[PDB]
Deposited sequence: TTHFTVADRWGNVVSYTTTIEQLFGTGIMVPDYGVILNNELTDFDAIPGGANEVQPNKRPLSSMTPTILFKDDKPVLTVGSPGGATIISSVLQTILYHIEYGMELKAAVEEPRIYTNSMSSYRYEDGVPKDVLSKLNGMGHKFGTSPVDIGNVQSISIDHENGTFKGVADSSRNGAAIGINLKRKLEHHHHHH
């Protein structure tokens, strides 16, 4: 999965999460055409019955959560992340740190995260200070985010250090 975002000078804002499921999907490549195929249907429940059971022509449930926050009807922040079930945890924590704790956006994105979806499943990042949390940390999610300052007419872009990601602002210049 990957998440990216774009904002332009005309007020359009895009927040876009996109995936082939697993890394390399099924691993199947369409021969002579170079296209790698998703394993997306494994996001369905394996045992049917099931709000998220398999059905023909049904879409499997996704944890992808591209989001835009608004203030006084204008977009001010985009947030999203890859990371399977952990996605909502990454998006929630980023917003919590930036808004509730009033941290600057890059700091909010870099604040060590936790995830747990059950009593048997826990993850934490380096350093939440030294439940069933394990003995070593792991990176959780990869948040790309844009903040929009309507007053100064500027944008701030942030890529999460968990991947090689890049923010590139547009600053048109007269010679």
Which deposited-sequence positions, grouped into ranges, are missing C-alpha coordinates?
131 to 140, 186 to 193
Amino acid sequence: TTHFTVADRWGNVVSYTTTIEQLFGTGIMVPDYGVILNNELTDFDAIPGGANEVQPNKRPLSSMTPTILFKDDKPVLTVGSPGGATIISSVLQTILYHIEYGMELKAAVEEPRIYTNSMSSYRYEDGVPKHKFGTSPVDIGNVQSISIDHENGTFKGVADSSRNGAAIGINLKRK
From here on, numbers count along this sequence of modelled residues.
Tell me which stretch has the larger mean Cα B-factor in this entry, 69 to 77 or 86 to 94.
69 to 77
Going by the average Cα B-factor in the PDB entry, point out whether 163 to 171 or 5 to 13 comes out higher.
163 to 171
Note to self: of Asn39, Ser120, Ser145, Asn57, the C-alpha temperature factor tops out at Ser120
Residue with maximal Cα B-factor (values as given in the PDB entry) among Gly34, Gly141, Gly27, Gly127:
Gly127
Lowest, middle or highest third: where is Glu53 by Cα B-factor in its chain?
lowest
Sorting by Cα B-factor within the chain, modelled residues only, which third would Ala107 end up in: lowest, middle or highest?
middle
Comparing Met64 with the other modelled residues of its chain, is its CA B-factor in the lowest, middle or highest third?
middle
